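First, one chain by itself in structure tokens, the form deposited in one PDB entry.
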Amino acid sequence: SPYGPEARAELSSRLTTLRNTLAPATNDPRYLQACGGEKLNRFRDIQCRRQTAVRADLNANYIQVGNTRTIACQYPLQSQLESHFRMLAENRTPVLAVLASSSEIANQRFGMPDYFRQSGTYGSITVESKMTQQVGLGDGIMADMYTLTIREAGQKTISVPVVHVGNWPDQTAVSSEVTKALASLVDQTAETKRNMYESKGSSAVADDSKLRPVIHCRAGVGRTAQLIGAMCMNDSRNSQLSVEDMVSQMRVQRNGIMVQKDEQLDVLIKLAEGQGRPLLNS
């Protein structure tokens, strides 16, 4: 069997050798180094691939798994909020999915600014947060939606759709059913906002580095990785793309931690099996 135990074990082995190789060495050339004093990486061990770094002062990365293009990042630190909102605005973000739990945001010990649930003023950028719908994704998992309006003198006003999953505990994997429902919601939201931009002849439509869904939460390598993995499998353009490829790609494009937990890898494995998608490369 292609999804049997022998196959799973072999997948883990390759991915594990990959994780170990990608581990960040001190001043590693492959990873973005902190500009000069102010913290860059929320977690010293969880770095940002330099060749795909979106901004010099953010732990964020452009990620292309197959034909699916997104952006994965850590929860912006307090001091990176302005830069963070700029990335959001310039990317004409079709959708921002935040998989960090409400508990986490509330815990001031974690330094995770409640930047999307309330209005705020960071630098010369002023943000307007507005509540919209709320959607249950199954298993008691809830999607709280907002619209972030990025305003900045001299700059074009950009509104961003936000999908906030407030009860997906860190380092855990929700069911394949929920993950599937989530990707559908995120892909959907991104699709509607993109249509608006397309309908207005926005130039950002042709640029591949723009209009990318931004997914994250605390570190941007677990719940984030799982969602992005489920999102590429949702795109028909990725026929045959292996699970090995998917993770291999997320890791090389951000860090070797992408798809942090085994149960999170299982979910992608379950989904891929449901599509007859291969696990290993031949």
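In this text, residue numbers run from 1 along the sequence as written.
Below: the form deposited with a partner chain bound, not depicted.
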| query | finding |
| --- | --- |
| In the deposited bound form, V127 touching the partner chain (heavy atom, 4.5 Å) | no |
| Partner proximity in the deposited bound form: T157 to the partner chain, non-hydrogen atom cutoff 4.5 Å | yes |
| Partner contact for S119 in the deposited bound form: the partner chain, 4.5 angstroms, heavy atom | no |
| Contact label in the deposited bound form: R92 to the partner chain, heavy atom within 4.5 Å | yes |
| Option from 119-127, 192-200, 73-81, 94-102 whose residues, in the deposited bound form, bring a heavy atom within 4.5 Å of the partner chain | 192-200 |
